[PDB]
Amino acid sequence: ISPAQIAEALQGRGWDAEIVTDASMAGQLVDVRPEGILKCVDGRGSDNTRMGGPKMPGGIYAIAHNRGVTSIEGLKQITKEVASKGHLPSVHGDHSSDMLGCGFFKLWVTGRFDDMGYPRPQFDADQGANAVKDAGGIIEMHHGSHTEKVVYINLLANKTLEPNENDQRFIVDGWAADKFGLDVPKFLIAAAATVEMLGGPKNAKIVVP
């Protein structure tokens, strides 16, 4: 899917979407490092000490969700898969709602993706986190409130954008979906629906090389 097809898809859902250059993001783009956790698109600050990893809705839950994987055993398999592909796997909570602090997982476990055809997880927030930890992953915990002002969809392979708790933005590394063989159109739409259902801004900037 091209940047224009992504913009069209978002516009069809009522979003504002614009394509921007990698040059316009100079000073913010960073190379992905193996030590970094593959984590959520959440724009808040957190206890993360493993920066430089890719961003996907709910961390590795984006992969399980896209694939319709709902079992704890399946979640652990994905944890190890992510760890085998250059990133430390993570999921997260926050210090306001504990493990229900991940908006994406909260939407999933409460059935908000029912009509988009997704099966519900066969575990709750604490069980999922414990399984990820048991399989070698990291649990991140965010702090503060959501104040994201925009959604950046980064298409530059092996690069990412980092959270700025004081001028927040949702960050989605679209290129990472391709890396994990996901149904990309499906993945980006799920990301769009997530922001929509969280009441976030339907305003995207698509970063291209």
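Each residue number is its position in the shown sequence, starting from 1.
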Taking only the CA atoms, which stretch has the higher mean B-factor in the record, 85 to 93 or 110 to 118?
110 to 118
Which has the higher mean CA temperature factor in the PDB entry, 176 to 184 or 29 to 37?
176 to 184
Selection by C-alpha B-factor (highest) of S46, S145, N154, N164
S145
Lowest, middle or highest third: where is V208 by Cα B-factor in its chain?
middle
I78: CA B-factor among chain residues, third -> middle
Assigned third (lowest, middle, highest) for the C-alpha B factor of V20
lowest
Sort the modelled residues of this chain by their C-alpha B factor and say whether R67 lands in the lowest, middle or highest third.
highest
Ranked C-alpha temperature factor of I138 among modelled chain residues, by third
middle
